Protein chains: 2
Amino acid sequence: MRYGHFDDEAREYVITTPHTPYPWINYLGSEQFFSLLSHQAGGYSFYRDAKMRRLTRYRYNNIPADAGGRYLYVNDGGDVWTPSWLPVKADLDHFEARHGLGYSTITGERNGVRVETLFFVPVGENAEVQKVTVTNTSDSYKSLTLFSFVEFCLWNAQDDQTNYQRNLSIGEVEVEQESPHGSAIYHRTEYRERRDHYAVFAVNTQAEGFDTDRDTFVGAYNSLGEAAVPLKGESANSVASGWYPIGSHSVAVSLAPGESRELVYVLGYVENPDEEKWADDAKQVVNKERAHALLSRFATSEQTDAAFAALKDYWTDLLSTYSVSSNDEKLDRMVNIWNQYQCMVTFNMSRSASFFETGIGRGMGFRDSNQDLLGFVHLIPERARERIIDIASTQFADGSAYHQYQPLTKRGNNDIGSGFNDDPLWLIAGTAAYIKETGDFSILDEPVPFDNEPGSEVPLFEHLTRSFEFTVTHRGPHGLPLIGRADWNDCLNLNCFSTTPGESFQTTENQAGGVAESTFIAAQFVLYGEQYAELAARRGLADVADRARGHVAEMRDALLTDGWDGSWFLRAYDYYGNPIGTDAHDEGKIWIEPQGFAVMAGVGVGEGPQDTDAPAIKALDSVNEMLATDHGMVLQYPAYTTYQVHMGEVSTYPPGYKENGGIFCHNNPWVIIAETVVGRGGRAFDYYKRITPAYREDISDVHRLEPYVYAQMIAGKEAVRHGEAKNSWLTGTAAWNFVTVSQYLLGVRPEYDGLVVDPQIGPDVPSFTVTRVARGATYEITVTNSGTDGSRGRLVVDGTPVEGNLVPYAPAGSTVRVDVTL
Amino acid sequence: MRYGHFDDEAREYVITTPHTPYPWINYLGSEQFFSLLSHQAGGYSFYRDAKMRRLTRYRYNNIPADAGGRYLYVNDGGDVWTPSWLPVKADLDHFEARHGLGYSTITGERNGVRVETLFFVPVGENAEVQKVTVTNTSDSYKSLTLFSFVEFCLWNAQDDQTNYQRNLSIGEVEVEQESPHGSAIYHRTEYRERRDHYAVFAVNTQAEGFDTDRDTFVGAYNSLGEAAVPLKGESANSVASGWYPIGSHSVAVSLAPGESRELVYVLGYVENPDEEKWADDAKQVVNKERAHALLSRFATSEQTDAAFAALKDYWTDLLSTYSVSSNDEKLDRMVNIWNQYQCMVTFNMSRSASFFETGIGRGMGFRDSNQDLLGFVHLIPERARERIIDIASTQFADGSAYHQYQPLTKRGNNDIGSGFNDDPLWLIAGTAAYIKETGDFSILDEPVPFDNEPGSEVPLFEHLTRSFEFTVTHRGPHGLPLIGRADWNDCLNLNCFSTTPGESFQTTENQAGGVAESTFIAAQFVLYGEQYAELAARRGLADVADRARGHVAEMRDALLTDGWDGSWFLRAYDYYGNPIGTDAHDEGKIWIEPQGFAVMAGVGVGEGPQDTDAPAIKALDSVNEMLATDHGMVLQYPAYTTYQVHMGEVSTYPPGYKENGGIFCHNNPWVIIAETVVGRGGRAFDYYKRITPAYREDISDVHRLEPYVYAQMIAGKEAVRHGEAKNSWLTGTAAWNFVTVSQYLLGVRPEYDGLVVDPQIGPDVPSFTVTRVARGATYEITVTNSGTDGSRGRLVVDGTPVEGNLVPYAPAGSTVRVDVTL
Ligand SMILES: OC[C@H]1O[C@@H](O[C@H]2[C@H](O)[C@@H](O)[C@H](O)O[C@@H]2CO)[C@H](O)[C@@H](O)[C@@H]1O
Ligand SMILES: OC[C@H]1O[C@@H](O[C@H]2[C@H](O)[C@@H](O)[C@H](O)O[C@@H]2CO)[C@H](O)[C@@H](O)[C@@H]1O
């Protein structure tokens, strides 16, 4: 069943009940200031750093979930309710939440009073704004008091929830009931000491009263749903000193039948130069100049509406690079809106904060920085260029990489360190995709240091060479790359051997040496090793290119011999040289990552889809028979039913979850792309639909999480909860699925020398048109598609038939019409 | 006003309402297994390690506070309520909670149904036991369904509340409806992998049903107060797979009028050897032998009642060493019961877990390990001796110490490190108090390594020497000790200079060198420097002793000259050698720590209380005028009203909290002891009453926290919340107050050559008798006390008058009667 509908015209997902299977959130903010916002107004906001700069507090694993957020308590003749339903849970006559791009609206109505709240983070502002419209929909007069509410965090969210021995004595506010445009509250904890910033929470009208102490507003022994002040009907005017600061104003609203009142609320982050921190000589009063300025920009509904308009303009203008129009509304909305929105949110949020990730850890995988780039580079190429230099600047001089990148300081994580041997090859993945999209070969000449050491600068190209050579110099007894701490699968730790709780599976190595190899890195090395070789050749390094190709050919041979189990690729050789992912074993017979990635790299592909004998086809057939389910493909089969001490974290999961039998959505695209490669477009599209939000909307009760974005993990067939997802929003599943559908299913993909048009989607999409803007020109690509396996597109370019699948790049400003038949 | 009363006959604090100012807690467990238990059954339990071995989940900063614990949902004809009042908050006809020594009882009655629960951790057991008695107090038949409830934690509490991306998929249980003695639920998360332990939650009767999935038991959108299963009236028999494991059993109870039913619940921690983990060849079923054995030990009320009696025997026999009988019930109950209980609790729990300390950090101050020992050494001398050996074994070879000690591993915290220059001297404090209490000079000969390095062992005495010499070799331009990172005041960081949020004030040193000195360490060196000297002398090291005395005399001279401001002692010299704690400055004119500690050490003491001119008397008179308030003495005055960058954490607190004008109780005793030293017993006893729990009971509404234990911090006079306490239970205030009243006010204190009897308590306690067990003999000390300033006791020993205040130690088994007149 469903709990909402898509609104394609508005670019919103419309949630039509409070009673979803789980809280469904949206992300506000496109620059430095961000909010997490559930369909019940839950969540929080922070400036730049979700661990050290959080404005407002939020409780994970609360009972009930998501009780805490931006509330507006309506007191109507003594009856108290919130339009967000939570936390009060008073019966509503009407409820709706709409999540759009960078903004959401939530509307609740009860006993003749409707409250609609628009939430957004404006362009160019460090604030979350609410436009609130209160309407008397009854036939009688209403006289209301509305109590706003936000609970402040003491900035360092880790300290805030752990260091009470100090932090219950540090909470400080200032109250400004007569602000130039209404009433305002300032949360200024530790502004007295080292912080040059405070938060402001304010309303564009004179508040009848206020509260800044949570215990007084809520009352002893009460939940948020039973808050005492709203029930009493008057603000207690509480001034916090320590404990739990909050922001609340009471606003009197009197309405004739049918009449409406609009209010604008602002939660703002304000920083002052050090020399301008104080209003007074005694340094007791915060300088409010900047806060007043912000509040003056949102004093009226007209300013707020214009800011909202400017937000939509931003998203509408940003999403102008790739669209599709077909017979399939679900495909179209995923491609044009939601998949691309999600990719942008991953770039903005990294892996900081979701309703699963808690905002305390601040880095993301080095490998993930690169892969995320694959999905946003067509939208923000300038930013992508900068990200590539920033991450490559952290790389070690021997070619190895920090496993975790800290995007806020542009440094590698020193505690975690290096030794995950797939990491360095992803830098080649990132840079090639960047150069194919933009044509900007000049990024290869940028000066880039190693481990951020001044004076160590070499060309970015030289970094790619050190990434390539790292794998060459780190191969094991079969010529396969040594896996080291782990490969893409961070749970496959063959050099760990842990039997002590609390030891990190990723960084603990209780035995040194060994000969553990990865076929995943082999496959990766074949694919990105060739992309390196091509860049070396174009750079005019004919000898470097050719040597590189030689190493790639040897790796291809190794995969197809020592790496090949008979009907699929092995997964690895362990510390002692024993096979992993072989049919000789009872569990973990076939693993998905090699099968998809190796075939993506062309390994074992034969004459065409009918060539059953081809290793590539045997492997993908094996995947289909042993790993594919109704909800996508599981990571390996069978799942391990006992702890495998020589394999690290993988077997610690109960079967059917995460890396031990879960559908790890991120890797499903590699097989989908593999299927288009071998010429089985219908199978490819099928696998895509199995895990794609628009297509899973009909089973929201089984999926449970957001029906409009991808999740990392869907419980596999061996789990009782099979079909149920965890870890929505922040996952490279978004980039890889966007790459898959845009470039391989729809088949429109940037190349150095032109735009390739190679659709392989099968019969379910008989006709479609893609509009792609590439190198300053617009390509209108109309496809008539039989969907037959092995049939590839013949192109007519501007009315004239052409040979091959490559369209020459046209000059900036051009429009190019391409008709395709297959 | 009050919320209860002491019951001295039962040794319990009786809480007579649910509606206390704050959750008031007790500690269960005297060995490896401990529980935090509030008067609303809130809190949690862990085995040994509260960070990584936590059985059950607890939410700090919940709304409302303390909503989560061991609950028993009573469904009576469809009406649902809990005898702990929270979480349901149904109106109770009767409520009472009694906290005793190692157990509590909570009783609730509503609509003719009474439910009493006794909570305790038995001696020799790693479990929390509930004895539940349900009585039908109505004139009608009653048919009830009782639902037990506890929420599991996923063992590692830090992971539990931060790493959802993994741990929402790892919850596992096994259900045993037909357990040999009732029904049992096993929480076995990560038992599959590296954990050799699991938890069992069980009842000594056949449960009608069960639940182990929180979301099913409680229902979506619901608080614990609205749990759906109890309201439905029948268990859902949910079996957890991931998400949030719980333990819950429904039991059917039918009662005629006046009829009662007893039930015994067990929460148990169970560990199997590796070769004994599994019941089955396939390793899917936990080996339950040890669990069934535990459960068989609490299968009946009789077994349970006998275990309860053995727990009372344990605490009664334990507290047989020091007691007083006077005219003052408040003094007597603090000295005989609550103060010594709190001291045992601090040894058992270190600084791990309270309702303010969250159980994640696992270490405690090396300085606090020594100070806590001062207050428990008379009870557990054998355990004290071991603790001294353990902490000294971590000491550095240069005499410096780890600032933080980790009792669980008996190692120093490497990340925090050393450099807090008061730390080494406290090892002398600990060892001297131990040897005085026991006569065990043999401890000084123990082999003890440095920094736990095999082969580096030297006699414990040599560790004391390196402590004493460390101070000698680390003195400033005035001959005062260099302060280093800080002294006892962890917030006096004169070598920090931080202007960046997130830098640790204790470990960050942005300037090296400087000349900062501490007068507190000076006074400390005078006091414990002399004690070391006396030990070296007794050891027969005449040259060493005299030389130590020479250094101590020099330190005295420094304190009284360079360390003296005119009417009180300076607090320090800062990094550039400017004075801190001087009347020349507007703020921080006088600091408490040096006044109290210098006079305890005899520095500036004159002819008697009559001698106003004596610096000790000028300093204490200044402390009285400027720092003493109705709630105790504040740390310094005035408090700093702007950030002092050159002083570190201290001025970051708003005035009147923690180290910036807070009443930091821990330090009040040094002045109380000082006042007995100068012969002002009435003032000493006054100060003692101002911060002591039995005397603050009648102002429970101001104090806010537990009226039966000391808290670390009472808000000072410059704070709007002046009088309100934070950080109850785990604080060196306990040891220092017990030393103060037992050895200085009451005046019974062990020395090497006998028992000193030197009462100085003022007129408010005209007569009292102390019974003290010391070196195997019992001393009955009967005191008649005029309370006059400077009047000191004249002793008659077994009927014969003696000179001096020292009673020779009698042979083990003797009774000695001492009569004192002053
Ligand atoms: O292995 C897939 C994926 O794992 C990510 O690491 C997770 C992992 O999924 C989880 O099981 C483990 O408990 O925690 C780690 C995070 O420390 C990783 O971020 C991805 O890059 C990787 O491809
Ligand atoms: O300074 C007194 C007391 O401080 C304790 O350290 C605390 C300190 O009270 C607090 O202000 C700061 O924020 O936290 C630290 C803990 O890191 C310390 O444990 C005691 O030894 C010391 O005597």
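The figures that follow rest on heavy atoms only: side chains count, while hydrogens, waters and symmetry mates do not. Each chain gets a letter, A, B and so on, in the order the sequences are listed, and its residues count up from 1. For ligands, and for the atoms within them, numbers begin at 1 and follow the listed sequence.
- Note on A:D422 versus A:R485: no salt bridge recorded, every NZ/NE/NH1/NH2 to OD/OE distance being 4.0 Å or above.
- Below 3.5 Å of separation, one finds no N or O of B:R166 facing any N or O of ligand 1.
- Assignment of B:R351 to the shell around ligand 2 is not supported, since no heavy atom sits closer than 4.0 Å.
- Residue contacts with ligand 1 for A:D368 involve side-chain atoms from C-beta outward but no N, CA, C or O (heavy atoms, distance under 4.0 Å).
- The N/O atoms of A:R367, backbone and side chain alike, include one that comes under 3.5 Å of an N/O atom in ligand 1.
- Using a 4.0 Å cut-off between charged nitrogen and carboxylate oxygen, B:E190 and B:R166 count as a salt-bridge pair.
- A donor atom on one side chain and an acceptor atom on the other are not found under 3.5 Å apart for A:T508 and A:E503.
- Every atom of ligand 1 is numbered from 1 in the order shown, and the set under 4.0 Å from a heavy atom of A:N489 is 1 (O).
- For the residue pair B:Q506 / B:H403, no side-chain donor-acceptor distance below 3.5 Å is found, with atom types taken as modelled.
- No hydrogens or angles considered: nothing links the side chains of A:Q595 and A:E593 as a donor-acceptor pair under 3.5 Å.
- Taking 4.0 Å as the cut-off, B:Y653 counts as a neighbour of ligand 2 on heavy-atom distance.
- The atoms of ligand 1 that sit less than 4.0 Å from any heavy atom of A:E649 are 11 (O), 12 (C), 13 (O).
- A salt bridge does not link A:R367 to A:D372: none of the charged nitrogens lies less than 4.0 Å from a carboxylate oxygen.
- Between A:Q712 and ligand 1, no pair of N/O atoms sits closer than 3.5 Å.
- Counting only distance, with no hydrogens or angles, the side chain of B:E718 and the backbone of B:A639 share a donor-acceptor pair below 3.5 Å.
- For atom 6 (O) of ligand 1, the nearest protein heavy atom (residue, atom name, distance) is A:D490 CB, 3.8 Å.
- Remark: atom 14 (O) of ligand 2 lies closer than 4.0 Å to at least one protein heavy atom.
- Counting protein heavy atoms only, atom 7 (C) of ligand 1 is closest to B:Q165 OE1, 4.0 Å.
- The closest protein non-hydrogen atom to atom 3 (C) of ligand 2 is B:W488 O, 3.9 Å.
- Distance from atom 17 (O) of ligand 1 to its nearest protein heavy atom, with residue and atom name: A:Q506 OE1, 4.5 Å.
- Residue contact check: A:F664 has heavy atoms under 4.0 Å from atoms 2 (C), 3 (C), 9 (O) of ligand 1.
- Per-residue contacts place A:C491 under 4.0 angstrom from the following atoms of ligand 1 (heavy atoms of the residue considered): 11 (O).
- When hydrogens are left out, the protein atom nearest atom 8 (C) of ligand 2 is B:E659 OE2, 3.0 Å; that is the closest non-hydrogen contact.
- Closest protein heavy atom to atom 10 (C) of ligand 1: A:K658 NZ, 3.4 Å.
- Within a 6.0 Å radius of CZ in B:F597, more than 12 heavy atoms belonging to other residues, nucleotides or ligands are found.
- At distances below 3.5 Å, at least one donor-acceptor pair connects side-chain atoms of A:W155 with backbone N or O atoms of A:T189.
- Between the side chains of A:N163 and A:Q165, at least one donor-acceptor pair of N or O atoms lies under 3.5 Å.
- A donor-acceptor distance shorter than 3.5 angstrom exists from the side chain of A:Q636 to the backbone of A:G661, with no hydrogens or angles considered.
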